[PDB]
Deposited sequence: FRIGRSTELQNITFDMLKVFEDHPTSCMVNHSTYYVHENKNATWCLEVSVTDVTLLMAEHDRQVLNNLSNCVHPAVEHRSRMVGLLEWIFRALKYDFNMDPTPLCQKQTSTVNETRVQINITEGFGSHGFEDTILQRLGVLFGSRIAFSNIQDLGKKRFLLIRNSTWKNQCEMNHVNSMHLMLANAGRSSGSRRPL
């Protein structure tokens, strides 16, 4: 691009792969579905979804009360990394376990082979504006416009899954995730 007879408009594009290969990243499939990935070579991931379907019940499932680690089965080989990444996500949400609604996770004898963590974001369950806080935090973390949309039941659900390259990693999302988790060790 030639601005004038002695001036040219030039550009450079960065490659942020080696900076963020070994750190947690995230990406958006659509405005309701997000994926968090421990590092590039991890064969598993955690998807975060805004749902209108009640998947866990207080009468059948476990309350997360300072025991989030119990929500992952002891036989999972990446159990420690899974619990870590769950904590990374909870810090990224600015979640306050003292005042925010108590999350639910699946019963210990669940037949389904995935870890569910359910936060009730239905209006009136938490304080006024708690659901808007969660949706706007999702927009900050993943670039979601779900907060900018039109009182039924909603839930923020984090479930584990196998990594199938569902979405391409976003290094801006990586910077948001790491900034919300300053001081927590990462990178191998």
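Comparing the deposited sequence with the modelled residues, the stretches lacking C-alpha coordinates are 151-154, 193-196.
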